[PDB]
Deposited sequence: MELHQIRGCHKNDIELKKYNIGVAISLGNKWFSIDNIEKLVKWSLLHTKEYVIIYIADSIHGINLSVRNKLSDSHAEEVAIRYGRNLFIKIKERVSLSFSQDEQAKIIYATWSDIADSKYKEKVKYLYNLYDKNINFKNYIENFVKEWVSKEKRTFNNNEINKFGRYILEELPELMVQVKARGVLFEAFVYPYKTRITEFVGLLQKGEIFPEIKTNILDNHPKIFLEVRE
């Protein structure tokens, strides 16, 4: 389990976030645990564990995920960690729920995306196509009202992937993830302003989240 400048991680200049995709088959407890091992070694100081995407007891879909499943996932993770790591390692690990991340400043960026999603048909159309591709991987089908529902849900997590955000007071500049996805490619074009440049102009600050590709 090693990372795919190069010298910045081996200079341990960044705090590392472990972005978990709930329900993704790769994110077993063992792989999560190995991602936490790697991050504790290479981090500046803290390791942040959080729920990244999710591909009605709340008006927020990420908040809904957090309370239906993210809680019990975090509990299993804490159990495993308390057996696999020493006391001094565990004090470096922060469990960040959706609420910890989606403070007032964060929600402003989401609402900007929501606004763009309704007023700008090309953004809506492009976001909608994202969902339609993910559906086609499945043996399930979805209607256009569902496809459009799930596109809004991406916008809710889109700022955390692009911008450096605090959680429980802690800015984490980098996050580990085992593979490139259509999402990480899109975020890279956004950050560079190569696609939908009004997004960069509005909700980015040239403090881009560093994506570290770490897998076995």
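- Unmodelled regions of the deposited chain, listed from N- to C-terminal end, are 5-9, 61-69.
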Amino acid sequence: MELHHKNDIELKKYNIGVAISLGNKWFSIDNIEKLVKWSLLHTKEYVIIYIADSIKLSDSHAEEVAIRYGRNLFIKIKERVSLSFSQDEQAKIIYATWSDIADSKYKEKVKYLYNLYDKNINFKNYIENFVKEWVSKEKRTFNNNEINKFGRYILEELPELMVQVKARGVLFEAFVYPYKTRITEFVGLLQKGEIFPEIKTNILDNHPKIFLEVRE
From here on, numbers count along this sequence of modelled residues.
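- Mean CA temperature factor is higher for 137-145 when stretches 86-94 and 137-145 are set side by side in the entry.
- Higher mean CA temperature factor, per the PDB entry, when comparing 128-136 with 70-78: 128-136.
- Note on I49, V65, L190, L171: the highest value goes to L171, judged by CA B factor as recorded.
- Residue set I183, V36, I29, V165: peak C-alpha B-factor at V165 (per PDB entry).
- Among all modelled residues in this chain, the alpha-carbon of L3 has a temperature factor (C-alpha) in the highest third.
- Sorting the modelled residues of the chain by their CA temperature factor places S58 in the middle third.
- Compared with the other modelled residues of the chain, the Cα B-factor recorded for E156 ranks in the middle third.
- When the CA B factors of the chain's modelled residues are split into thirds, the value for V110 lands in the lowest one.
- Ranked by C-alpha B-factor against the other modelled residues of its chain, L41 falls in the highest third.
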